[PDB]
Every structure is written in C-alpha cells, then in structure tokens.
A.B. asks: 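Sharing a structure with you now.
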Number of protein chains: 2
Amino acid sequence: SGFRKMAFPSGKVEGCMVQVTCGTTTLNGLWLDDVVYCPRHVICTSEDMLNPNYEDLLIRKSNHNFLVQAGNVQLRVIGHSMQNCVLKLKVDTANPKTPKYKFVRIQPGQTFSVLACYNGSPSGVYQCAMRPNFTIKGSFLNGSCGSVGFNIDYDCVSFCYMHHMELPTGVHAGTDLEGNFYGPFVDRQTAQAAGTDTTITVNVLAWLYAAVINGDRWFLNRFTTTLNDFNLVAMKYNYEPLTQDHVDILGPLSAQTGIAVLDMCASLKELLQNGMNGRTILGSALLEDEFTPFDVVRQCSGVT
Amino acid sequence: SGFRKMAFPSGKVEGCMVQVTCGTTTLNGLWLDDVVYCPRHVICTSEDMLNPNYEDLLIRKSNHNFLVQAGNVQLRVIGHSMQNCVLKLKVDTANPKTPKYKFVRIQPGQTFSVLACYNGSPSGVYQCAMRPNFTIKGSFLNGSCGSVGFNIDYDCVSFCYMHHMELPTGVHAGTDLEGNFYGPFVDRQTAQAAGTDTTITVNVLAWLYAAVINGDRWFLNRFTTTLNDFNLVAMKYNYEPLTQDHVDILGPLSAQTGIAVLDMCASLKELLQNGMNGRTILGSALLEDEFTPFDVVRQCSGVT
Ligand SMILES: COc1ccccc1OCCNC(=O)c1cncc2ccccc12
Ligand SMILES: COc1ccccc1OCCNC(=O)c1cncc2ccccc12
C-alpha cells in the first residue's frame, strides 16, 4: 500500500542525454540512433529571442557549429535540419544505449515522467501531467531546455515532450519530438496567454479510487449522481466535463473497489461543495489530478 | 522555477537490480561488485513469518538454493552470509554496471529516492523522507522487498535503505545496507508500534523558503519570533523542536531570500495557528516536510 507521485525509472533516457552547444548557448539534446534532437532556439543569441527568424539564423550555421558532447566524448555532426521547433543533428555514430522507443503526442490530462537535465547531465526525475491548457507545471531552471518527458511500456520509451521555455507565468511549454508545440505557444520571448486551465476530472476520480484501495475512505458517502448533475458541479468548479469515455476508462477501478463510477462522482461532488474540512486524502489536502486511471492501476498492480 | 518532489535519476541503481529466489519466495537483490544484498526473509516460507529463527532457517540453505538472476542471465552463488537482517550472496561475477557507491545510514528527517522493484525489474522512482519515527511512507506492494533507497552525489550512489516490510498500519520499514533496521522494527509478522511521528520542522522551513524563491509569498508576515517561542508552538503542533544547528543549515536559504530564519519561523507559527485559509503553497494545501534545505538549494540551483 501507499500512493506516491511515482516517475518511470529514468535509466533508458539518461543514456540518451547529450549536451548541444551552438555559439554561446548550451542546452540538452536527445541522442536516439544517429540523430540528436534539441530545441531549435539553441541557435539564438539574446537580441534574437524577442522574435527570432529561425530560418535565417540557421542558414548562418554549419554542421561544425553544433557541438554535441555525450559525457566526455564529442559527436561528429554530419547533417542538420529544422523540423517545426526542433533541430535534428545527424551524427556519424548511432547511440549504443538507444532503447526501443517511439515518438508520441500525448493528450491533455495524460501524465509523463520528466528527466530534468543541465549540460547534458541528468539532475532529477519527476512525474507530471500535460495540463488541459497544454502547459506543464514542471521544475526547470536556465539550461534545462532539451530535457524530455516520456512514458515506458516494458522496454519501449515513448517520448512525448521536449522542454523549450518557461512562460512569464512560471509554467512550462514545449513540443512533441517532431517539434510541434503543445498549445498555442511559440518559441519567442513574448507574453503568451496559456488560456483557462481546468482540473482533470477523470484523474481526480482515479485518485479517489486509489485512496479507497489504500484505505482512505472517509469521503465515501451514501449518495449517487448522474453525469449531467455531476457536470453542472464540474462546470461550477472548473473541472473538465466527465464523458462516458471517462466512465469507461474508470471501469477497472470501479470493478476493483466495487464502487460505481457515478457513486464516486457523488463523493467528488460533495468534496467540491464542502471542501475537505481539514482532512487529508493520500497525504494531500487538495484534490489531486496528476494520476490517470492507468497510473493508479499500474501503481496498485506493480507493473515493471 | 517550479518545485516538484524530484527523485534522483535511477539509472545507476537500475543496473544493480537483480531477482533473488529462495525456495518459493522471490524478491529483489542489489548487486554491487561480486556481492548481492537482499532481505534475509527471502529464506522464510509463511509458517515462519510469525517468528522466524533466521539462523536455523539459513542453515538448511546452501549456495545453490539462492537463485540470482540479472535480467536474463543467472549468477553463480559461491558464498552466503547473514549480516543483521540482510543476506550477502557472494557471486562469481562482479557487476559490470557497478557505479561508485557507499553504504550510508541516513538520519531521521533526511530524504532519499526509492527505486520500487518487482522480480528484479524497476517499476518506478519516487522521493521520500525517513520519518522522525524511522518509518517511510512509501508505495510498495508484495514482491517489492529488496527495493532500495539512495542519494547521488555527482557519480557516487549512497545507498541508505533496503525495503523489508509493510507494518499493519500501512507504513514501511527497512534497513540500512548492513541490515540494521531503522527504528525499533523486527523482521517478523507481528504488530509493531511505530511510535509518535512528528513533522520535520527544518524541512517545512526549507520548503517555505522554496515557496518564496518560486514566487509564492502570501504567507510572509510582519512578525518575528524567538527559537523558544517558536518551539512552544512546534510542541503544540507535533513539530520537531528547532535547534540552532537547524537555523545554521537554513543559512544559505536565509541569505538567498533575505528572510531571517526566525522571521520565517514566525510565518510558520502563523500558518500552524491559523491554517492556510483555503490557499496553497507550491501546489500544496498542507505544510510539506519532505524537502531538506539541501534539496531545496539543489533543486533551485540545478546540481546534476
Ligand atoms: C523566455 O524564454 C524563451 C522563449 C522562447 C524560446 C526560448 C526561451 O528560453 C531559452 C532559455 N530558457 C531556459 O533555459 C529556461 C527554461 N526553463 C526554465 C527556466 C527558468 C529560468 C530561466 C530560464 C529557463
Ligand atoms: C508482514 O510482512 C513481513 C514481516 C516481516 C518480514 C517480512 C514481511 O513481509 C515479506 C513480504 N512482504 C512484502 O512483499 C510486502 C512489502 N511491502 C509492501 C507490501 C504490501 C502488500 C503485501 C506485501 C508487501
């Protein structure tokens, strides 16, 4: 028992981390096979950042200007190309530590592990969610660009995120591994509206099921609700509307606990309307939305 | 910016994880050099667990009875010995992936990363603290025994914990890597008093400094206090007494923020006496005590 914000083991990803330097800027790259992927803003200086013309800036750079270092050894760059907001540096050596991997575009509300890196060196690993507004509430400092988010299924690493910038609001924005930003964000130093965020309702319900599995049951009540009634409450409290697809994804947890999804919705409705009254659930004094139903079952079943 | 419950990258530790089977019991072992370390209860059946005579049970076992598998390959056991509550299985092959490492006994209130494992395979990594009462609030299921806790300084892994059991209360107990239990716990299936836990005051203060560094400042007030006055409040709220050694450890964060330690104590006193009033600090609705002053500076400085 016990329920923690558990990240995937970061080993397979640590072996892919490299340092990429261009001019005076250094950030992290992801070395998979004979390609190094990094944020395209590695080619910017500081006068550039307000509105960079990436095409023009990249034209001034040659393969030899991209310094790629994997631990203590230098990689030879034999090609460079820009795909959306990422640079793809072809190197002459395939990474011997390349795990089985895929590039995936995650959906808002899904979770992933982030391996925070500086100068191509891993400093820490944490679990987070892609917010409904396509920002991530990460922990990143100067030099963390190129740090990636991922999920792992047995031996396959599904890379879903590459860190690009921190918005003036202190939340983080980045791309999928094809360089497409999640959300409306652009790789420019300008004020960018993140847009209204909501709480990931299906995740809160999954976490409420995790609480019951792990002994915390004080919030269970004698009530039930309908999807429509629950969604009126979800709207008032800036929660995402619950759909039957979400009820269906919660099926396994409902069967495990014997608590119907709509019955758990009525518990959540009561917690939203009455608060926690100074109590806690799984060591938290607020409703947690960074665990998916899959994460709850994975953590409660011990999938390696 | 941003502040997360960040774990150390688990790669160096993943490379040490093996599966140890003895009779019908399978758990995890830690393979460092030519030694595999695992909990001694691997030799117990089920009738044994209520009060095992470990010496007698081990006498019936021979080197060939300990099956040690590292991924897909079998390790040859050439020696076995019991040191406190751990078994040390000498193998004929030194682990090629052995990182630089030390075995350390952590102090209560200190933090560490746990790599949860099942069948010698890593499933996840999370950060936690050794509670003042020498339990850990982990996330462990059947088969997680032998999973370890550690800290990493540059290239050196300091192993501090090996998981042994879950108490009837749902909290976890284990040993240092010499097999000495943290706390009064014994490796028997009996009810064991964990003893009164307290909140790690120096850690809450460190986390309050992290909040200020990351923009959350609503809790800063116009007050100050003395160590004696603060400790009367800490006693009432089951917080550990703050000592000058704790004030000294908070020195760097006090200099960084320009907020005197006793001034931050007065903020903490007010939060303890008035609660949060429905507000949050670093995404938490309670006072967090699982970040040490060293962790706060490490996360806020990007040490790799
Ligand atoms: C506004 O910056 C950019 C805009 C567009 C494109 C790139 C921008 O950044 C480039 C450098 N950024 C970082 O290294 C950074 C990343 N995350 C967290 C941080 C926290 C404090 C200081 C810096 C960072
Ligand atoms: C009372 O058990 C023991 C007592 C003394 C010595 C050993 C004991 O356990 C041996 C097996 N234990 C585990 O595999 C275990 C570890 N953590 C979390 C769990 C959650 C649910 C079920 C089992 C576990």
Side-chain angles (χ1 to χ4, degrees), chain A residues 1-2 25-28 38-46 48-52 54 85 114 116-119 135-147 162-175 181 185-192 213-215 299-302, chain B residues 1-2 25-28 38-46 48-52 54 85 114 116-119 135-147 162-175 181 185-192 213-215 299-302:
Chain A
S1 71
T25 308
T26 289
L27 44 62
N28 308 280
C38 73
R40 72 177 177 168
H41 69 250
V42 74
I43 70 179
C44 304
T45 59
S46 276
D48 296 315
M49 236 52 255
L50 304 169
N51 196 36
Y54 285 98
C85 304
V114 167
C117 292
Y118 299 89
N119 294 104
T135 58
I136 80 164
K137 302 193 176 192
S139 177
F140 291 115
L141 301 168
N142 177 232
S144 65
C145 304
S147 297
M162 178 167 279
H163 184 52
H164 285 243
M165 68 186 179
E166 177 167 310
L167 297 171
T169 56
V171 297
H172 302 113
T175 73
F181 264 94
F185 311 113
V186 281
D187 49 355
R188 296 158 204 180
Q189 184 186 324
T190 184
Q192 302 180 37
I213 294 167
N214 289 277
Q299 182 159 175
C300 297
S301 89
Chain B
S1 71
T25 308
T26 289
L27 44 62
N28 308 280
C38 73
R40 72 177 177 168
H41 69 250
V42 74
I43 70 179
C44 304
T45 59
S46 276
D48 296 315
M49 236 52 255
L50 304 169
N51 196 36
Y54 285 98
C85 304
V114 167
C117 292
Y118 299 89
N119 294 104
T135 58
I136 80 164
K137 302 193 176 192
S139 177
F140 291 115
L141 301 168
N142 177 232
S144 65
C145 304
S147 297
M162 178 167 279
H163 184 52
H164 285 243
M165 68 186 179
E166 177 167 310
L167 297 171
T169 56
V171 297
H172 302 113
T175 73
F181 264 94
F185 311 113
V186 281
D187 49 355
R188 296 158 204 180
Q189 184 186 324
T190 184
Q192 302 180 37
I213 294 167
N214 289 277
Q299 182 159 175
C300 297
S301 89

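Just the heavy atoms: all of them, side chains too, but no hydrogens, waters or symmetry mates, feed the values below. Numbers restart at 1 for each chain; the letters A, B, ... are given by sequence-line order, proteins then strands. Both counts, for ligands and for their atoms, begin at 1 and track the order of listing.
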A.B. asks: Any idea which residues sit under 4.0 Å from ligand 1, heavy-atom distances?
C.D. replies: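 Answer by chain and number: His41(A), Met49(A), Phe140(A), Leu141(A), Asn142(A), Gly143(A), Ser144(A), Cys145(A), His163(A), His164(A), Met165(A), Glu166(A), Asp187(A), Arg188(A), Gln189(A), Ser1(B).
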A.B. asks: Once salt bridge (charged side-chain N to carboxylate O under 4.0 Å, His left out) is applied, do any residues pair with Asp187(A), and if so which ones, sequence neighbours excluded?
C.D. replies: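 Once residues adjacent in sequence are excluded, the partners of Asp187(A) under the salt bridge (charged side-chain N to carboxylate O under 4.0 Å, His left out) criterion are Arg40(A).
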A.B. asks: Before giving the answer on side-chain contact (heavy atoms from CB on, under 4.5 Å), spell out for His164(B) and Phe140(B) the whole-Å C-alpha distance, their side-chain angles and the decisive distance to 0.1 Å.
C.D. replies: CA-CA 10 Å; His164(B) 285 243; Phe140(B) 291 115; over 6 Å; no
A.B. asks: Take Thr135(A) and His172(A) through the test side chain to side chain donor-acceptor pair (under 3.5 Å) and record every step on the way to the result.
C.D. replies: CA-CA 5 Å; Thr135(A) 58; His172(A) 302 113; over 6 Å; no
A.B. asks: Answer yes or no: is there a donor N or O on one side and an acceptor on the other, between the side chain of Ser139(A) and the main chain of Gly2(B), under 3.5 Å?
C.D. replies: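 At least one qualifying donor-acceptor pair exists.
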A.B. asks: Would you say that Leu27(A) contacts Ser147(A) through its side chain, given a criterion of any heavy-atom pair below 4.5 Å between the two side chains?
C.D. replies: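 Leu27(A) vs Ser147(A): side chains apart.
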A.B. asks: Between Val114(B) and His163(B), is a side-chain contact (heavy atoms from CB on, under 4.5 Å) present by the stated rule, with each step listed?
C.D. replies: CA-CA 9 Å; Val114(B) 167; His163(B) 184 52; over 6 Å; no
